[PDB]
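> So I pulled this structure from the PDB, and the sequence comes with it:
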Protein chains: 2
Amino acid sequence: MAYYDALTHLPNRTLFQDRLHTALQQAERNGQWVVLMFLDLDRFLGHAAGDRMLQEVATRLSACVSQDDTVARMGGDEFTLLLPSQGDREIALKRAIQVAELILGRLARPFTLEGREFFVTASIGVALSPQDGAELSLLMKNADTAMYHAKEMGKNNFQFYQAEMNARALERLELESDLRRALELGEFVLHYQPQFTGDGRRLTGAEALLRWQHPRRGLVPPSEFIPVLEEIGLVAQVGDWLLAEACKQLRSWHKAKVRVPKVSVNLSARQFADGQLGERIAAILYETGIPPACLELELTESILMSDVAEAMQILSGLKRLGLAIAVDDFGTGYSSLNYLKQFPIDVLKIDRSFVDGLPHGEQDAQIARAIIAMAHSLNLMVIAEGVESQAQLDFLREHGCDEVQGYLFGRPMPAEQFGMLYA
Amino acid sequence: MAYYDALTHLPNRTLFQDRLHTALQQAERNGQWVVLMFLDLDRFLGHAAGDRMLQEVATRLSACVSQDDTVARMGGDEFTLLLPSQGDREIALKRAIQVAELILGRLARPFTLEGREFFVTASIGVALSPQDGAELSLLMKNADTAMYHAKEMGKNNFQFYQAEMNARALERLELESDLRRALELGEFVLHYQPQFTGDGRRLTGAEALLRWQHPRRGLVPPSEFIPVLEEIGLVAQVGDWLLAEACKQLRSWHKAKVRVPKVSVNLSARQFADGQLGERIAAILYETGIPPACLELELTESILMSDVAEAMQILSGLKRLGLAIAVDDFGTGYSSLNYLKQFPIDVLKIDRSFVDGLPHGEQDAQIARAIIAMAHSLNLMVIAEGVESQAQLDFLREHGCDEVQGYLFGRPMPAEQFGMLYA
Ligand SMILES: Nc1nc2c(ncn2[C@@H]2O[C@@H]3COP(=O)(O)O[C@H]4[C@@H](O)[C@H](n5cnc6c(=O)[nH]c(N)nc65)O[C@@H]4COP(=O)(O)O[C@H]3[C@H]2O)c(=O)[nH]1
Ligand SMILES: Nc1nc2c(ncn2[C@@H]2O[C@@H]3COP(=O)(O)O[C@H]4[C@@H](O)[C@H](n5cnc6c(=O)[nH]c(N)nc65)O[C@@H]4COP(=O)(O)O[C@H]3[C@H]2O)c(=O)[nH]1
Ligand SMILES: [Mg+2]
Ligand SMILES: [Mg+2]
Ligand SMILES: [Mg+2]
Ligand SMILES: [Mg+2]
């Protein structure tokens, strides 16, 4: 079409502007964000090889974005990208960071024409609608301004139009950098929180809890760095380290006459979706010599109930491995009672938020009784988390809560102190 | 832009084709459907008034479709519409029917130019991707073929490319036609199914159940015609008829010494979303002279839990009206236990599907015990629906189910027989 660049087959300037306008009008109607990127090359060649290079650039750019994103060619050495329908500021910001890093990484790679090797460098400017403009020409002014800022900083850079996003981008990249290194140097450590029978007479297991100690940031809370791990391929690899470390710990504790009956590991949504999950778990159980009965997986009702049919199969695979399954944070999500019984699950965990109102919050008291009753109706065992007070414990015990966990019974703890404190 | 028609400001042929292509490539990737319509005018005027008419046509067409749909001008008197991202065949079919009827209705209306009145007529052809083509040129061949079929049938017609859809369209329109008439002539009737205490010693209420008797189709099941009602503005108006009829019935039964303590009415999602719901209910309670305690509303957990924050407010409004609220079909949806307690609800109804497996289906038996236990933990009263057998009843009674309903206790029934059968 007259609307496409004859060489790269990408939309031309006018078509791209129409789609940008459309994306802006729609975003504004749905309270969504749009990312606009401008990209310039210094190249860095031959005439025919030149046009062949632009073609390779184009291919590489298309490969960095999804189905719904547009890549286009403004002219000469300038390309633009459009990432529409981003749910909010932060999704937009992360997706922009991710796409821009991906692009610079792909364009770093050498261009192999005439048998030989060439390099190009790129400068990228990024502007996010609506904040940097909800109108196409303002959004473009600002992406272009960011681009030139990116140039004024040297080779292979991306800048946002907002300084605040540039700062946040730089830090995010450093965090990612540190987390890769954390795994390489082993800066992660496992702490264990003990689990008891409702009376407190007895230790039923330990919940393993990832911590991260960085020399400068100090100790980073799991809630900060875990989501970052899963936003890369890092989490499966960290999960492997963790599972193996807990299995080894179990080994040492048994050797040292510390009778810990089992250990619980939390799983993210990403780990749960992984096709090799059960395979990697079996692999680790085999290396460490520990049986599946010693292990329990903890998944949130949001992870299980989003796609119930898929979850049924994944869970069934894991049970055939002989391991137990607990539904973490229970009561904070949306659950089919139907599938709660069909899923081969073992345990419900009463979220801390409900335990916190005990014993004199009517709402929290009734919700907690209800969970216990559900659990026992489905032959599930339930443990209350976040038990911090004698009164909470009295209530839960009085109403048949099977197991209990919380600061009242001692904080999360490194393995050796754990053994001594609960031997 | 050179891409837009200078007169109507609609996209021109080439731009429309690009968006159609895009919509097809995307639909195919997401397993979605796309609707394409071709529209021709016979007009049916003056030169300046002519161009002003096309402009009015354009405005009218834009007003018939949503934000995301494209309207365009192929040339002369021909326009096209694109309705992308339709979830499946039937959504597509209904949406096409709806949009086409809307367009013919708007174009029926007179054009007021030079002070005077004019009429145009239109022929519409409709083709649905992927079935009538997943490639733009084939989809266009076929919409155009449908259009000419529409012409060969006379004025103001739409045809699908598939004969099967034309048949289904014609029938759907006749159904809609009949339902409007049904309401005008009162062909709807209420049947009532009685509700008892778990023992059976005692009648706690009656669930009202809409039926429709058509002279030719015979008796149409609620599941067939109710969704059609709500796909128009008909359901609020039928709901009003129904509520009023049940309140009147309650009047007569009390007059005639038939002690029916209350009546339950089912609500659709659409009725529930209506801003005037509580207002219209109060209005009807006032006209019929019956107090809110005599009334109970039945809503599905899917209606309540889709938007919990909105539902909380809507429900709170209804409770302030003094009426009771039951969660129908419970166990078949996704529910926050948290919001189950916060929502000011009164009753859970155990779906028939779980009662059906009783008493010897382990899964169904445990689910049903669990619901009863939940209900009583939250101080809710629960009734089992679809109780058909002595064994089912024994089980439910043994486990403290408060109330019961089903064919074992007698089918749904017209009011007067109801009174005599349960006085
Ligand atoms: N207020 C209160 N809090 C208590 C009490 N007892 C324990 N806690 C804290 O509550 C959290 C319980 O873990 P969770 O619900 O699985 O929730 C976890 C889990 O979802 C995730 N997480 C932790 N470790 C891992 C891991 O190794 N892998 C994965 N995939 N996620 C993890 O991060 C979340 C937070 O972990 P932590 O920061 O260790 O926070 C832990 C624990 O330190 C108490 O009595 N009162
Ligand atoms: N297998 C079995 N079935 C039994 C038994 N006892 C009753 N039923 C049937 O099960 C349905 C119970 O109604 P529902 O769950 O509210 O489900 C209702 C309700 O959601 C909707 N509906 C019915 N009347 C109205 C109404 O007036 N307004 C609205 N908005 N929806 C209605 O249509 C659905 C079906 O209504 P019906 O066709 O009357 O079907 C009724 C009733 O005839 C039993 O022992 N065994
Ligand atoms: Mg946990
Ligand atoms: Mg938690
Ligand atoms: Mg009902
Ligand atoms: Mg039902």
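Received, thanks. Numbering: from 1, shown residues only, chains lettered A, B, ... in the order given. Ligands and ions are numbered 1, 2, ... in the order given.
> Chain A: strands as residue ranges?
Under the criterion DSSP state E, chain A contains strands at A:33-42, A:70-75, A:78-86, A:121-129, A:157-160, A:188-197, A:203-214, A:218-220, A:263-266, A:295-300, A:324-330, A:347-350, A:381-384, A:403-404.
> Return the residues of the stretch 251-400 of chain A in contact with chain B.
Selection of the stretch 251-400 of chain A residues close to chain B by CB under 8 Å from any CB of the partner chain yields A:305, A:331-338, A:341-342, A:354, A:363, A:366-367, A:369-371, A:373-374, A:376-379. (Each C-beta comes from the backbone N, C-alpha and C, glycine too.)
> Give me the nearest residue to the residue of the stretch 1-150 of chain A found nearest ligand 2, chain neighbours excluded.
Nearest residue of the stretch 1-150 of chain A to ligand 2 (CB to the nearest ligand atom) works out as residue A:30 at 30.1 Å. Spatial nearest neighbour of residue A:30, chain neighbours left out: residue A:85 (7.6 Å); criterion: CB to CB, 6 or more residues apart in numbering or on different chains.
> need the residues of the stretch 51-200 of chain A near ligand 1, please.
residue A:193 (CB under 6 Å from any ligand atom).
> Run through the bridge partners of the closest residue to ligand 1 within the stretch 51-200 of chain A.
Nearest residue of the stretch 51-200 of chain A to ligand 1 (CB to the nearest ligand atom) works out as residue A:193 at 5.5 Å. Counting by DSSP bridges, residue A:193 forms beta bridges with residue A:207.
> so what's it up against?
Applying CB atoms under 8 Å, 6 or more residues apart in numbering or on different chains, one finds that residue A:193 lies in contact with A:206-207, A:209, A:405, A:410-413.
> What's the separation between the residue lying closest to residue A:51 once chain neighbours are set aside and residue A:54?
Nearest-residue entry for residue A:51: residue A:7, 5.8 Å, with adjacent residues in sequence omitted and distances by CB to CB, 6+ apart. The spacing between residue A:7 and residue A:54, counted by CB to CB, to the nearest Å, is 6 Å.
> Who has more neighbours out of these two?
More crowded of residue A:7 and residue A:54, by other CB atoms under 10 Å in any protein chain shown: residue A:54, with 20 against 12.
> For residue A:203, name its beta-bridge partners.
Note on residue A:203: beta-bridge partners residue A:196, judged by DSSP bridges.
> Could I get the contacting residues of residue A:74?
Listed by CB under 8 Å, 6+ apart, the contact partners of residue A:74 are A:13, A:16, A:38, A:80.
> ok, and the most crowded of these?
Within the contacts of residue A:74, neighbour counts (other CB under 10 Å) peak at residue A:80, which reaches 25 neighbours.
> Could you report the neighbour count for residue A:23?
23.
> Would you agree it is in contact with residue A:84?
Yes: between residue A:23 and residue A:84 there is a contact under CB atoms under 8 Å: 4.0 Å.
> tell me, what's touching these two both at once?
Among the neighbours of residue A:23, those also in contact with residue A:84 (CB under 8 Å, 6+ apart) are residue A:34.
> So chain A: which segments form each domain?
What curated CATH domains lists as the domains of chain A is A:1-167, A:168-423.
> dump the residue contacts of the residue of the stretch 251-400 of chain A found nearest ligand 2.
Distances between the stretch 251-400 of chain A and ligand 2 by CB to the nearest ligand atom are smallest at residue A:338, namely 15.9 Å. Going by CB under 8 Å, 6+ apart, residue A:338 touches B:331-332, B:354, B:367.
> Next, work out how far apart it and ligand 3 are.
Per CB to the ion, to the nearest Å, residue A:338 is found 24 Å from ligand 3.
> now residue A:220
19 Å.
> ok so, going back, from the contacts of residue A:193, which are also near ligand 2?
Okay, of these, nothing touches ligand 2 (CB under 6 Å from any ligand atom).
> Now neighbour count and distance to ligand 1 too, for those, in TSV please.
Output for the contacts of residue A:193, formatted as TSV (neighbours: other CB atoms under 10 Å in any protein chain shown; distance: CB to the nearest ligand atom, whole Å):
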residue	neighbour count	distance to ligand 1
A:206	29	12
A:207	24	7
A:209	17	4
A:405	25	6
A:410	15	9
A:411	11	7
A:412	16	5
A:413	19	10
